[PDB]
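Report on the structure given below.
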Amino acid sequence: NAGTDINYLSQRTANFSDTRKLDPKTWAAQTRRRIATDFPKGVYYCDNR
Amino acid sequence: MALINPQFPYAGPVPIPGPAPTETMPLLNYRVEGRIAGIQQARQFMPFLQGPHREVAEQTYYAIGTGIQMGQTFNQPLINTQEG
């Protein structure tokens, strides 16, 4: 499904103080700055290069 | 470089809940010994030659000889008996 079964994705420090807590469309908006499109349904990409 | 509000000042930071203090401390990562593997060959069959080249070609020469030089039958002039 295209984001409609996820509340949010995140990347936490220790178990506390999240660093990128985003809904599945703001998450896909950061992917569109990377690969100029978005991945197929269900695939979520996180860049840490 | 903020200015202190004298009408509504505030104090220093109070304690807040914390992030489980050992989980902010990392392990020191433990390197084992390593090896560039295999026995290396001494030389490589390179796709290009490793020497200089020449931009222009120069003409080379070699000396040759002529032959045995012979005599000749010349056409001989007339005698200068005051006509010449």
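Within every chain, numbering begins at 1; the chains are lettered A, B, ... in the order of the sequence lines, protein sequences first and strands thereafter.
Residues of residues 20-49 of chain B lying under 4.5 angstrom from chain A, judged on non-hydrogen atoms, are B:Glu23, B:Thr24 by number. Listed in order of number, the residues of residues 4-37 of chain A that approach chain B to under 4.5 Å between heavy atoms are A:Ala14, A:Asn15, A:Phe16. Taking non-hydrogen atoms and a 4.5 Å limit, the residue list of residues 61-84 of chain B in contact with chain A is empty.
The environment of B:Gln59 atom CD is dense: over 12 non-hydrogen atoms of other residues, nucleotides or ligands sit within 6.0 angstrom.
Pairs engaging residues 28-48 of chain A under the ring-ring contact (aromatic ring centres under 6.0 Å, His included) rule: A:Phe39-A:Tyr45 [sequence neighbours left out].
A:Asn1 places no side-chain N or O within donor-acceptor distance of the main-chain N or O of A:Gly3, the cut-off being under 3.5 Å.
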